[PDB]
């Protein structure tokens, strides 16, 4: 508690370290008056491991998309500090896409077909699309490999890891349907135009808030309130501009308000339902 530890869920810590260190370097000196003297970065491979870090006090603060953030809240390990705006957008949503020449035109026609998802900690690439399928009564069994096939009447899903893989697998006719966020859709690292032109969007989910700053269970209340004040004033500090760009292009932070609290409550119910029935 003389150290502030920032992290995130990361399948690529070599790359993501640089996203975190600049804002941490900005924050730490502004926290002296609450006993912080130094900073550290600690990332984890998935929500379950990050949750264990959080609960054990090894990580203090993470910035995550809201579904992942609810996984951490449900596991007893953290709570919301601030709503976060990235790329100028407060919200995002999941889209389902196929090859243009696919016979699939709606979400219901997933029955009989395969779906490329990301990993269990993804909001837009796992939690939201699985929630959507549960709501529509569309069964979706885990498939073991690209040779495996769904039951008739059911869909099936394959975990391919990365967002690009979701695009690549559907493009190359290995899986029928992909799930990515509407923001991922226009991001060329995740959805190359050479694949994108061969795709058609078949369904959109309702939006959720894009991201949230979470802090661990049992953080000292003085540290928590000061971190909040620091981050709230960073967005208008020019001294924080480059750091924020690097921190997932964060363009805003704001207080939790009754609306955002209720939306997180709704999303958390949905995430809990996904976890209970997957």
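Residue numbers count along the first chain shown, from 1.
- Higher mean CA B-factor, judged across 96 to 104 and 203 to 211 from the recorded values: 96 to 104.
- The PDB entry reports B-factors from which the mean C-alpha value can be compared for 7 to 15 and 263 to 271; the larger average falls on 7 to 15.
- Which of 144, 71, 151, 116 has the largest Cα B-factor in the deposited entry comes down to 151.
- Of the candidates 230, 62, 34, 47, the PDB record gives 34 the highest C-alpha temperature factor.
- Placement of the Cα temperature factor of residue 216 within the chain: lowest third of the modelled residues, per the deposited record.
- When the modelled residues of the chain are ordered by C-alpha B-factor, residue 188 sits in the highest third.
- When the CA B factors of the chain's modelled residues are split into thirds, the value for residue 135 lands in the lowest one.
- Among all modelled residues in this chain, the alpha-carbon of residue 127 has a temperature factor (C-alpha) in the lowest third.
- In the deposited entry, the Cα temperature factor of residue 76 places it in the highest third of its chain's modelled residues.
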